[PDB]
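Residue-level structural notes
Residue strings, one per chain:
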Amino acid sequence: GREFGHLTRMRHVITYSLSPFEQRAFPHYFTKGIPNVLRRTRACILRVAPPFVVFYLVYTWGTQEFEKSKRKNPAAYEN
Amino acid sequence: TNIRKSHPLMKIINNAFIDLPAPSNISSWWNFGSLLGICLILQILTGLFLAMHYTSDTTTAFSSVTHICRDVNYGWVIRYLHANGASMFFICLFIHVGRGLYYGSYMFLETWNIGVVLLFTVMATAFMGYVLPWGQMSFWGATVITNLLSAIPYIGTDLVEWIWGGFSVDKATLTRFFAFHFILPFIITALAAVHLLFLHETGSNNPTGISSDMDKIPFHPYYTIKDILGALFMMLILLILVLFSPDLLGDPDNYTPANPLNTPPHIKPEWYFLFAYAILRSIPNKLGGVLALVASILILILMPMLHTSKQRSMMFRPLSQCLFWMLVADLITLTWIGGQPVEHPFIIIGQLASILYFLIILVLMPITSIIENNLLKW
Amino acid sequence: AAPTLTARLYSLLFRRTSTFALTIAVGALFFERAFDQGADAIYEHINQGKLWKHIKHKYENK
Amino acid sequence: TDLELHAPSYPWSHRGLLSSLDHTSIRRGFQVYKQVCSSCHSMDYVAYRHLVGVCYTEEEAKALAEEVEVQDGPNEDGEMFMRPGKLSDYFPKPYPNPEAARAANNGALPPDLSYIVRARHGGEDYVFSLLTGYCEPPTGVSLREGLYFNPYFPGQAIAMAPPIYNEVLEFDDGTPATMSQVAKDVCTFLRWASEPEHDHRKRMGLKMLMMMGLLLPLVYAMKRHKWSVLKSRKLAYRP
Amino acid sequence: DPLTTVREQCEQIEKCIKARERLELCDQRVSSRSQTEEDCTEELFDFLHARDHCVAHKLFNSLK
Ligand code: HEC
Ligand code: HEM
Ligand code: HEM
Ligand SMILES: Cc1cc(C)c2nc(SCc3c(C)cccc3-n3nnn(C)c3=O)sc2c1
Ligand SMILES: Cc1cc(C)c2nc(SCc3c(C)cccc3-n3nnn(C)c3=O)sc2c1
């Protein structure tokens, strides 16, 4: 029901484009690419990283109170 | 005559895959729908090979699986494709559901509700197949489910002595486990066709949440080449597991044959059932355990009416994104706890994380979206 | 404006689209000639004196 | 039931991503199977046919199946008769039924060895540390009438006498048959017995990794060619 | 024979004499009172862990 000549109504916008054979394959790869992924990462990590830092501190405490109870008892084996 | 537009079969292919209008800013999180369809076809063809040499009898079930890995030609590669292809299915399925939850795709109501049905049917299928080899996890996995399935108040004990053939454990026992496991993947296929028929009425969502009818591109060639590339990158990772570490995800205890006499040192399911197992063992009851296991998949169907934000996706909502990855880091906690023994530190951590899974979805998320509406003045 | 050697095959065969879909068949040849020189020979070189056909000359002396 | 001792990691020569099994250490490990065990342990899934091209030729394999005669089935003008090995025979079992096996071995049943490294949490690191880890009981523990102290076994008390010591057998290679040499060879054999596809597995994994190294960077360049139309587009708005 | 060589040379390390110290410090203390449930199967494990970690790094050179 929704094909290309029936989607919206749009006025006064213009598009310019080049052929794929008139373009070189890598305009930039490492001079554009490295600073763009360094700011996409700065925007991410203070939303994503702090929940996984709290799982790490629970894993480290939980696998340290199991070993102190599975018979590491020198002074907890008194008459 | 354009024959792509006038032939009765070629019209359907052209409207569904070639001339389909698609958003231009679709990410690679939208790759995992066709990856799920590749993983389903792979499990069907490989499973139809194993079913010509398997024997469903509790005296010769374990011995017919060792025979195909040693005697039948290319039986060892096809068996470990099947076991590792099922882990591949469940990792793509959890990415797929988490995508639709973060971007707000559950607003396609008929597409979301067929999806929650498909999630139950693949979880029940994978349970039946892990009973069929009959080692010491197929035994102590089957009995833990079916004494938990005798705690249904009025028809419970009627249903437990139906699936074993009527007896306790015998030859005719795994004919019913095998016949369910044969049939359910072909119903999953029919439900996935209806799934895409309802999505064809609106087209796709996009990472901004905003409608994109002024910026469509055709599906061919832009997403036919992007989906082929993601499928090749998935067949690479699967074969790294089959050919360089085929026993990494399994357990060694399933290479001992089932014995009601001997004793297994621990009870550990597959990694993708370990989160549900941790919610079970936190409820000291056997009716309230099977209820809270079924309510952890069925809470997905309340996501359309719990939505109180003015915007559709989480791209522009920074407080809802801290709660989304608190929920992912809580399903990692429940996977670790489900593979630990039941002693003191892992018993309070396990039940304080079963509470947090329901407190985030039902209470903390709808209140946080209202605070965000008020800081933007709607 | 001396260009680089891109257009070896743009004009003759890969223009009529014939050899574009034929290179899966016509172009199926001589790379299982060329990659025994790889994988097989790298395999017996990492494992030297450890395989059967290395050591089988001892009991094969009839 | 307090804490376990977990086996250390040894540098086996098949612990690489492309490293094969040593096929002379398999050959010396079958002979420690067939002179030291084979008497308390079974190996139900391996036949004499499985050793042709691995550590023996076909002759040297018929002539080893000859060495024990077997109990064939019924025929007319006779009985269930007897006959030497046919090279299609599995390795001959060592206890009439499961019940004789208990009384011959202090109530404990000795396990089948066809899947033993695959069915242990630690593999051949566990089997090596078991056979060379027998020691004396510490002061405080007592044991039963026939029951021995082994610290790397679930609950130190094993119902198994130490089965290998110095010069238990003689290898037909001139290799000195000390205690550590013979334990190293029944870990290599019994890794082959569990995983007989080990070497074929790692050689298909290299013929996949370099015929994907042709196919992947060239579907990626086809993708980047189509999408450059959209990545270079410019937009203007003129109301 | 190569094992008894290696196992003795690595038994004089700052972790394995430090474990032998507490071991016979407690070995002497169990046998006195004859109604006691105290073992030292613990104490043996701290020594065998420290020792067997160093045997594995050195033993496979001397074999085959
Ligand atoms: C004459 C008796 C006897 C011989 C010979 C013997 N064993 Fe054992 N072994 C046993 C008994 C009995 C058990 C069961 C132990 C138990 O349950 O305590 C056992 C168990 C084992 C186990 C399993 C331990 C576990 O965790 O289940 C391994 C591995 C093993 N033996 C290795 C060997 C190897 C390798 C050889 C010879 C090359 C060997 N054994 C020879 C008596 C023997
Ligand atoms: C075997 C199972 C499934 C298959 C084969 C499958 C297949 C697909 C495919 C091919 C798409 C279109 C492409 C894409 O966006 O990735 C899609 C979209 C979608 N699926 Fe699934 N799916 C399955 C399970 C599920 C589940 C379990 C859910 C949710 C509970 C779900 C919900 C959705 C939604 C909401 C969309 C539209 C998303 C959007 O456009 O933003 N599906 N599915
Ligand atoms: C969504 C599809 C499927 C999933 C997730 C799935 C999952 C599984 C799993 C996890 C096992 C246990 C294997 C092991 O760990 O050893 C198994 C076994 C088995 N499956 Fe499947 N399966 C699927 C489809 C099928 C189909 C369609 C068939 C048959 C037509 C099939 C036939 C078998 C057989 C015969 C076995 C027993 C042999 C063996 O254990 O290897 N499977 N399946
Ligand atoms: C390689 C390959 C081939 C095929 C044939 C293929 N087919 C699909 S399903 C197309 C679809 C339908 C039918 C209906 C509604 C929406 C979408 N759709 N829209 N966007 N995306 C990402 C979608 O999948 S993926 C895929 C990948
Ligand atoms: C919807 C649904 C249905 C079922 C039936 C279900 N069952 C589980 S846990 C089963 C289990 C146990 C308790 C112990 C050992 C092994 C296995 N087990 N069985 N199959 N697989 C792949 C396993 O890991 S969650 C779940 C969710």
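Counting starts from 1 on each chain and goes along its sequence as written, which need not follow the entry numbering; residues with no coordinates are hidden. By the order in which they are written, chains take letters starting at A while ligands take numbers starting at 1. Each value given relates to the chains shown, not to the larger assembly they are part of. Side-chain measures here rest on the full set of heavy atoms in the structure, leaving out hydrogens and waters.

Its PDB header attributes the entry to cryo-EM and lists the resolution as 2.44 Å.

The next thing to look at is the overall build of chain C. Per the convention used, a helix needs a DSSP run of H or I reaching at least four residues, while a strand needs a run of E reaching at least two, with both numbered from the N terminus. The secondary structure content of chain C amounts to 3 helices and 0 strands. The N-to-C order of helical and strand elements in chain C reads α-α-α. The globule rule is 2.2 Å times the number of residues to the power 0.38, and the radius of gyration it is compared with is taken over C-alpha atoms. A globule of 62 residues ought to have a C-alpha radius of gyration of about 11 Å, yet chain C, at 22 Å, is considerably larger. Across its three principal directions, the C-alpha atoms of chain C cover 65 × 30 × 15 Å. For chain C, the residues scored as buried account for 16% of the 62 residues in total. When the accessible surface of chain C is totalled, it reaches about 5400 Å², and 63% of it is carbon and sulfur. Considering chain C, the positive charge centre built from 9 side chains and the negative charge centre built from 5 side chains are found 6 Å apart. Accessibility here uses a 1.4 Å probe with only protein chains present; expressed as a share of the type maximum, an area under 20% marks a residue as buried, one over 50% as exposed, and anything in between as partly exposed. Values of accessible area rely on a 1.4 Å probe in the Shrake-Rupley scheme; residue burial ignores everything except the protein chains shown. Charge counting treats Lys and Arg as positive and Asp and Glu as negative, with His and both chain ends excluded. By convention, the charge on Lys lies at NZ, on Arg at CZ, on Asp at CG and on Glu at CD.

Another point: the site of ligand 2. Residue and element names in this part refer to chain B. Any residue with a heavy atom positioned within 4 Å of a molecule or strand is treated as near that molecule or strand. Near ligand 2 there are 17 residues, and of these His 96, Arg 99, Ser 105, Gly 115 and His 195 occur at the shortest range. Two N or O atoms form a polar contact when they lie within 3.5 Å of each other; inside protein one atom must be a possible hydrogen donor and the other a possible acceptor, and for residues adjacent in sequence the pair counts only when both atoms belong to side chains. Note that an oxygen atom of ligand 2 is positioned 3.3 Å from one of the backbone N or O atoms of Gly 33. With respect to ligand 2, the side chain of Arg 99 contributes an N or O atom lying 3.0 Å from an oxygen atom. Secondary-structure elements contributing two or more residues to the shell around ligand 2 are helix 3 (32-50), helix 5 (75-102), helix 6 (109-129) and helix 9 (174-199). When its residues are assigned to classes, the shell around ligand 2 shows 9 nonpolar, 7 polar and 1 charged. Any residue that is not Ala, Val, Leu, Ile, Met, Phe, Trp, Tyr, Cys, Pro, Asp, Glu, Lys or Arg is counted as polar, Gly included; the first ten are nonpolar and the last four charged.

Let us now look at the UniProt feature "binding site: heme b 2" (unreviewed entry) in chain B. All names here are of chain B. UniProt's entry tags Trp 30, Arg 99, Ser 105 and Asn 205 with the feature "binding site: heme b 2" (unreviewed entry), counted in the numbering of this structure. Taken together, the annotated residues stretch across 176 residues yet fold into one region, lying no more than 11.4 Å apart by C-alpha. Examined against the element boundaries, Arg 99 turns out to sit in helix 5. The buried category is assigned to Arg 99, whose relative accessible area is 14%. Between two residues, a contact is recorded if the distance between any of their heavy atoms is within 4.5 Å. Apart from residues no more than four positions distant in its own chain, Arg 99 is found in contact with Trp 29, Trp 30 and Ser 105. Residue placement: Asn 205 occurs in the loop between helix 9 and strand 2 (216-218). UniProt positions are given in the numbering used here, feature names are shortened, and annotations may be inferred rather than shown by experiment.

Right, let's talk about the site of ligand 5 for a bit. Residues and elements named next belong to chain B. In the vicinity of ligand 5, the contacting residues are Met 123, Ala 126, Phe 127, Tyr 130, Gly 141, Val 144, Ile 145, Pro 269, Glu 270, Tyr 272, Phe 273 and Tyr 277. Against a free-state accessible area of 620 Å², the protein chains account for coverage of 91% of ligand 5. Looking at the shell around ligand 5, the elements with two or more residues in it are helix 6 and helix 7 (136-148). Its residues placed into classes, the shell around ligand 5 shows 10 nonpolar, 1 polar and 1 charged.

Residue and element names in this part refer to chain B. Along the chain, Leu 199 turns up in helix 9. You can call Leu 199 partly exposed: its relative accessible area is 25%. Measuring from C-alpha to C-alpha, the distance between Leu 199 and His 344 comes to 48 Å, with 145 residues separating the pair along the chain. Not counting residues within four places of it along the chain, the set of residues in contact with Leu 199 comprises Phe 108 and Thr 111.

Six octahedral donors around a metal ideally make angles of 90 or 180 degrees; four tetrahedral donors ideally make 109.5 degrees. All names here are of chain B. Coordination partners: N, O, S within 2.8 Å of the metal, 3.2 Å for Na, K and Ca; water not considered, so apparent gaps in a site are possible. On the protein side, the iron atom of ligand 2 has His 96 (NE2) and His 195 (NE2) as donor atoms, found 2.6 Å from it. Four donors are marked tetrahedral only if all angles between them lie between 85 and 135 degrees, whereas four are marked square planar and six octahedral if opposite donors are more than 155 degrees apart and the other angles lie between 65 and 115; the remainder are marked irregular. For the iron atom of ligand 2, the 6 donor atoms in the first shell make angles of 80 to 179° at the metal, so the coordination geometry reads as octahedral. Here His 195 lies in helix 9 and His 96 lies in helix 5, a separation of 99 residues in the sequence. Accessibility expressed as a relative area gives 22% for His 96, which makes it partly exposed.

Here a salt bridge means any side-chain nitrogen of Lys or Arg lying within 4 Å of a carboxyl oxygen belonging to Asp or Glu. For the structure shown, the criterion picks out 22 salt bridges over all chains. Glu 60 of chain C is paired through a salt bridge with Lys 56 of chain C; the nearest N and O atoms lie 2.6 Å apart. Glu 60 of chain C gets classed as partly exposed once you look at its relative accessible area, which sits at 43%. Close ionic contact of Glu 124 of chain D with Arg 191 of chain D constitutes a salt bridge, the shortest N to O distance being 2.7 Å. Note that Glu 124 of chain D is positioned in helix 4 (residues 124-131) and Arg 191 of chain D in the loop between helix 5 (179-188) and helix 6 (198-204), a separation of 67 residues in sequence. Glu 124 of chain D gets classed as buried once you look at its relative accessible area, which sits at 6%. What you see here is one network of salt bridges that share partners, running through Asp 247 of chain B together with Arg 118, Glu 124, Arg 191, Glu 195, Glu 197 and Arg 201 of chain D.

So, about the interface of chain D and chain B. Listed by partner, the interface residues are 37 residues for chain D and 34 residues for chain B. Counting the surface lost from both chain D and chain B, the interface buries some 3100 Å², and carbon and sulfur atoms represent 70% of this. Taken as a group, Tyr 115, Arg 201 and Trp 227 of chain D account for 20% of the area that chain D buries against chain B, more than any other trio of residues on that side. Note that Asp 247 of chain B is salt-bridged to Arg 118 of chain D, the shortest N-O span being 3.3 Å. Between chain D and chain B we count 5 residue pairs in polar contact in total. Looking at the side of chain D that touches chain B, the elements with two or more residues in it are helix 6, helix 7 (206-209), helix 8 (216-226) and helix 9 (228-232) of chain D. Sorting elements by how many residues they give to the side of chain D that touches chain B places helix 8 of chain D first, with 6 residues. Among the residues forming the side of chain D that touches chain B, the class breakdown is 21 nonpolar, 6 polar and 10 charged. Accessible area that two parts lose when put together, with a 1.4 Å probe and added across both, is what the buried area reports.

What follows concerns the packing of helix 2 (residues 45-62) of chain A against helix 14 (residues 319-337) of chain B. Contact geometry of helix 2 of chain A with helix 14 of chain B gives a least axis separation of 8 Å together with a crossing angle of 25°. It follows that helix 2 of chain A is roughly parallel to helix 14 of chain B by the angle criterion. Remark: the crossing between helix 2 of chain A and helix 14 of chain B carries right-handed chirality. Every residue of helix 14 of chain B that contacts helix 2 of chain A at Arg 47, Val 48, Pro 51, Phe 52, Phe 55, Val 58, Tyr 59 and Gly 62 of chain A is listed here: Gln 321, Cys 322, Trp 325, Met 326, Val 328, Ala 329, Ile 332, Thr 333 and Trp 336 of chain B. A breakdown of the residues in the contact of helix 2 of chain A with helix 14 of chain B according to their chemical character gives 13 nonpolar, 3 polar and 1 charged. An axis is simply a line fitted to the C-alpha atoms; with a helix, the fit covers only the stretch in contact. Between two such axes, the angle follows the N-to-C directions and lies from 0 to 180 degrees. Orientation labels follow simple angle bins: below 35 degrees gives roughly parallel, above 145 gives roughly antiparallel, 65 to 115 gives roughly perpendicular, and whatever is left gives oblique. Take the far helix as the reference: if the near one is turned anticlockwise from it by less than a right angle, the crossing is left-handed, and if turned clockwise, right-handed.

Attention now moves to the interface of chain B and chain A. Tallying the contact residues gives 26 residues for chain B and 17 residues for chain A. For the pairing of chain B and chain A, the buried interface totals around 1900 Å² over both sides, and the portion due to carbon and sulfur atoms is 74%. Contact with chain A buries area across many residues of chain B, yet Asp 213, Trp 325 and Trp 336 of chain B alone supply 28% of it, more than any other trio. Summed over the shared surface of chain B and chain A, the number is 1 salt bridge. At the boundary of chain B with chain A, the tally comes to 3 residue pairs in polar contact. Classifying every residue of the side of chain B that touches chain A gives 17 nonpolar, 4 polar and 5 charged.

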